[PDB]
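> Turn this into a model:
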Amino acid sequence: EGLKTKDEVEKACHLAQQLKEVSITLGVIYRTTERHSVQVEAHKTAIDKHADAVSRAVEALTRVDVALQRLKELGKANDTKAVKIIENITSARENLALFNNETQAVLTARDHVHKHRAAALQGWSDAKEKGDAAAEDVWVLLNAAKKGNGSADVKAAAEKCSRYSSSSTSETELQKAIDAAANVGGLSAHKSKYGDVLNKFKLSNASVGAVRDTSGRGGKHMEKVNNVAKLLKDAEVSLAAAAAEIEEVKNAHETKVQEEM
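Residues are numbered from 1 along each chain as shown. Structure data below:
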C-alpha cells in the first residue's frame with residue numbers, strides 16, 4: 001500500500017498537516033498559562049506582605065491567649081473582666097483562623113498551578129516529539145506518491161500538499177483526520193503512533209484547563225485573604241489594649257494568690 005488515488009493522498013495530506021499542527025496549537029494553548037503563573041506568584045507576594053502587616057495583631061492575640069491560659073490555671077478565667085476581654089477579642093481570633101485557612105488555600109492553589117503547568121509543558125513536549133515524527137512517516141508515503149504508478153491526480157495532489165495546516169487543530173479535528181485515514185492501507189501501519197499523539201494532546205490540554213480552574217479558585221481564596229487581613233490590621237490597636245488589660249487581670253490574680261498562700 002502506497003497512496004495511489006487522489007482520495008488516499010488527500011486523507012494522508014490532511015493527517016500530516018494535523019499531526020504537524022499539534023505542536024503549534026499546543027504551544028499557543030500553553031502560552032495562555034503564563035498569566036496564571038504570574039497571578040499565583042503575585043498572590044504569594046501579597047500574602048507575605050499581609051503576614052507582615054498582621055503580625056502585631058497576631059502578637060497581641062497570642063499575649064491574650066497566654067494570659068488566659070494562666071487565668072484558667074489559677075481557676076480565675078471566670079473573672080468578669082477576663083470574660084469581657086475574651087468577648088471583645090473573639091472576632092479577631094476568628095479572623096486570624098480564617099486568614100490562616102484562606103492563605104493556605106491560596107498557597108495550595110499556587111502549588112497546583114505550577115504542577116499542572118509543568119504537566120501541560122511535558123504533555124506539549126511529548127505531543128510534539130510524537131506528532132512531528134508521525135508526520136514525517138506520513139511524508140514518506142506522500143513523497144513516494146509523487147512518482148510511480150499512482151494516478152496523475154494522486155501525484156498532483158501529493159505535489160500540492162503543504163506541510164502545514166491553515167488553522168489550529170483540536171482533539172476533534174485531529175481525531176477526524178485520524179479516523180479518515182483509518183480507511184487507507186499504507187497509513188494504517190502507523191495507527192498506534194496516531195493514537196498516542198492524540199492522547200498526549202488531550203493530556204496537555206486538560207492540564208491547561210486545570211491550571212485555569214485552579215487559578216480561579218486561588219483568586220477567590222485570595223479575595224477572602226484580602227478581606228480578613230484588613231479586619232485584622234484594623235483591630236491591631238484594640239487588640240494591644242486588650243492584651244495589656246488581661247495581663248493586668250492575670251497579674252492581679254497572681255499577686256492575690258501569692259499573698260494568700
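> What's the biggest helix in this protein, counting residues?
Longest helix of the chain, by residue count under DSSP state H: helix 80-144.
> Spatially central residue in the chain, please.
Geometric centre of the chain, nearest residue: residue 113, 2.2 Å, by Cα atoms, centre = their mean.
> Can you tell me the closest non-neighbouring residue to that residue?
residue 40 (4.7 Å; Cβ to Cβ, 6 or more residues apart in numbering). Yep, even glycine has a C-beta here, placed from its N, CA and C like the rest.
> Quick one: distance of whichever strand or helix holds the one you found to the chain centre.
Using DSSP states H and E, residue 40 sits within helix 34-53. Its chain's C-alpha centre and that of helix 34-53 lie 14 Å apart, by Cα atoms, centre = their mean, to the nearest Å.
> which residues touch residue 86?
64, 68 (Cβ atoms under 8 Å, 6 or more residues apart in numbering).
> Pull up the gap between it and residue 58, please.
For residue 86, the distance to residue 58 (Cβ to Cβ, to the nearest Å) stands at 17 Å.
> before we move on, the earlier item: whichever helix or strand comes after the helix holding residue 40 packs against which elements?
Counting by DSSP H and E, the next helix or strand C-terminal to helix 34-53 is helix 55-73. Judged by 3 or more Cβ pairs under 8 Å, 6 or more residues apart in numbering; DSSP states H and E, helix 55-73 is in contact with helix 80-144, helix 191-234, helix 236-260.
> Swap in 7 Å and give it another go.
When contacts are defined as 3 or more Cβ pairs under 7 Å, 6 or more residues apart in numbering; DSSP states H and E, helix 55-73 packs onto helix 80-144, helix 236-260.
> circling back to that earlier point, ok, the residue nearest to residue 113 touching residue 216?
No - in this structure, residue 40 is not within contact of residue 216 by Cβ atoms under 7 Å, at 11.2 Å.
> Can you pick out the residue with more neighbours from those two?
Taking other Cβ atoms under 10 Å, residue 40 and residue 216 do not tie; residue 40 has more neighbours (23 against 12).
> show me the contacts for that one.
Shown in contact with residue 40 (Cβ atoms under 7 Å, 6 or more residues apart in numbering): 109, 110, 113, 215, 218.
> and the residues you listed as a markdown table, adding distance to residue 207?
Output for the contacts of residue 40, formatted as a markdown table (distance: Cβ to Cβ, whole Å):
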| residue | distance to residue 207 |
| --- | --- |
| 109 | 15 |
| 110 | 16 |
| 113 | 11 |
| 215 | 12 |
| 218 | 16 |
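> Spatially, which pair of those is furthest apart? Let me know, please.
110 and 215 (8.8 Å; Cβ to Cβ).
> still on that earlier bit, residue 53 is nearest to which of the helices and strands packed on helix 55-73?
Residue 53 sits nearest to helix 236-260 of all the helices and strands packed on helix 55-73, at 9.1 Å, using Cβ to Cβ.
> Name the residues that touch the closest one?
The contact list for helix 236-260 (Cβ under 7 Å, 6+ apart) reads 56-57, 60-61, 63-64, 67-68, 70-71, 74, 76, 79, 81-82, 85, 88-89, 92.
> What remains of those if I keep only buried residues?
Burial by neighbour count, 16 or more other Cβ atoms under 10 Å: within these this picks out 57, 60-61, 63-64, 67-68, 70-71, 76, 79, 82, 85, 88-89, 92.
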